[PDB]
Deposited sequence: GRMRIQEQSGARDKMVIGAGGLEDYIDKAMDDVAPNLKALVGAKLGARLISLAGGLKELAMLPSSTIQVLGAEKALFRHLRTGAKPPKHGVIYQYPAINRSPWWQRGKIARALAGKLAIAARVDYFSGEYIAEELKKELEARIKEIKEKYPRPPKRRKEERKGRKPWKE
């Protein structure tokens, strides 16, 4: 029972547990790929990862951003790109597991919800 999606759900598990836990083994692998590796993705600013998709990068695929109005999306993108820059760096340099980072954003997005 070896599917392509299965290989990657497990590749992320020891290549990048944080990233995976943050946006998914699917989006997370797309980011590493677009960056060229978990090495030089850990070296991307955060403004860069914010726009990795089109070369509005792929992180906009993120539920919270997608299900949000415009005017709010670009602000949720920057926050997500920030927590991603940190997950890539920890997955690469540390190897330890900090996914309370998925609470720091799940609270900053509740703050960014001061808009109409």
Which residue ranges of the deposited sequence are not present in the modelled coordinates? 1 to 18, 74 to 88, 150 to 169
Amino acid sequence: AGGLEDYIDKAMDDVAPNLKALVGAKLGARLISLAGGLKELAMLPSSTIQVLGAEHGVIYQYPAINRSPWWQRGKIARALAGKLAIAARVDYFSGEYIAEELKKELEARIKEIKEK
From here on, numbers count along this sequence of modelled residues.
Would you tell me which stretch averages the higher CA B-factor in the PDB entry, 63 to 71 or 31 to 39? 63 to 71
Mean C-alpha B-factor higher for 100 to 108, or for 18 to 26? 100 to 108
Using only the C-alpha B-factors in the record, can you name which of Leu44, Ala54, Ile76, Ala87 has the highest? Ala54
Using the temperature factors of the C-alpha atoms in this entry, rank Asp6 within its chain: lowest, middle or highest third. middle
